[PDB]
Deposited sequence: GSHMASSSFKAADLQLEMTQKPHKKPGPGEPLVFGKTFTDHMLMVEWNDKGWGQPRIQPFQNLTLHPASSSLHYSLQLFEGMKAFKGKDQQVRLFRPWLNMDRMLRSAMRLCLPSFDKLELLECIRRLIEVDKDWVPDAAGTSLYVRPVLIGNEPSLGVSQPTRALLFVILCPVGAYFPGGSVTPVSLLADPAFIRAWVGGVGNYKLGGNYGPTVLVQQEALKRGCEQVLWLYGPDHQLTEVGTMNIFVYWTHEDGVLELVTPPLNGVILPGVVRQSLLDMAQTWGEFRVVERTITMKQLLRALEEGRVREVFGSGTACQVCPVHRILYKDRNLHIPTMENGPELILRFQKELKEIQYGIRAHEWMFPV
């Protein structure tokens, strides 16, 4: 029933744009896009087409009832000009889970991956090769039922667009607002899926953080103020735990955590090293407060595709500014992660995580 890469239709652009000569994340797009339509006849043939507007019926359920989901992954170009995607199978898996949660049509993950490979191959010259640059890949699946009844759509659109990017200077630390009034996601909810509806409501919360002199939001959960995420990034703490053991901890996948690809990759790398405990456990502000008083915290940071690994130096909680000594500790773990990831992403070391285009 899935659309097939074997049926890919291609229309080259006749309005090719000049590439960037200052890359602002997510604002510059390449010449082509993928588009696939689904209706009562199933999936149509996939097509690579020139970058262009979507035409939607004004009642489209994508716009009224948020039948929408997305992905985000990067492709990187090595010195030899070979382009490789970073662990894209995980994004495909996550995308399909999102689709099922929103009653959107199923597709074949490898068929989509091949279509995306073909699209990036067409726009290969858009993938920059300067240090710290990449191509951001944005798949999207939206419902497209022209009806105001809240219902499973009988029509949908799957499309993929591409953006050359730089950093989002990838080792500049940030300050976080930690206010329990704002709740990103709830157990039994959809916070662990990459659905559009999870993001729009955060915009005002981010504005409030800025107003309070902070740069990003630390999302707290539950009566014990668990640290869940930071902005649109997973949170990690490298510390000596209350039992005396040095560990890297991140919250477990209990429903309010988006299971990041970078997150998983950091756990995977640190487990492979075998040099300290690597654990998924709830982290509370009580534990962090005590650990900071007792000098046991080394580094705190967010993980995610767009910004990679970002250090945190301050947390504002219950009107008090908590200094986080991440930069004082190197930040050694952060720098090590960034170096090993860069070697893999740009092909300095062969690795099964990279998917060649």
{"property": "Unmodelled ranges, which are counted on the deposited sequence from position 1 and given in order", "result": "1 to 6, 28 to 30, 178 to 180"}
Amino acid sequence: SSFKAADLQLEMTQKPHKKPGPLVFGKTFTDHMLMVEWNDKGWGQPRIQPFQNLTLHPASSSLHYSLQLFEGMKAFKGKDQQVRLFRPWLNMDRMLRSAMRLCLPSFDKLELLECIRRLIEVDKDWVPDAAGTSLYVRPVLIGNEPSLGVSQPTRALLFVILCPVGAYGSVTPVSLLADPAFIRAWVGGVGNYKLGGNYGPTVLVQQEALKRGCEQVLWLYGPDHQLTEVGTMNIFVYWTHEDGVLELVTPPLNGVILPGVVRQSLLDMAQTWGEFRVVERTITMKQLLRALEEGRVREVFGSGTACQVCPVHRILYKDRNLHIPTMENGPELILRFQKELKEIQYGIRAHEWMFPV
From here on, numbers count along this sequence of modelled residues.
property	result
Entry-level comparison of average CA B-factors, 8 to 16 and 334 to 342, reporting the higher stretch	8 to 16
Of 67 to 75 and 277 to 285, the stretch whose C-alpha atoms average the higher B-factor in the entry	277 to 285
Residue of maximum C-alpha B factor among 212, 138, 109, 117, per deposited coordinates	212
Residue, from 221, 193, 159, 239, that the PDB entry assigns the highest Cα B-factor	239
Within-chain third of residue 272 by Cα B-factor, per the entry	highest
B-factor third for the C-alpha atom of residue 188 within its chain	middle
CA B-factor placement of residue 314, once the chain's modelled residues are sorted into thirds	highest
Modelled-residue ranking by C-alpha temperature factor, third containing residue 258	lowest
Residue 61 by Cα B-factor - lowest, middle or highest third of the modelled chain	lowest
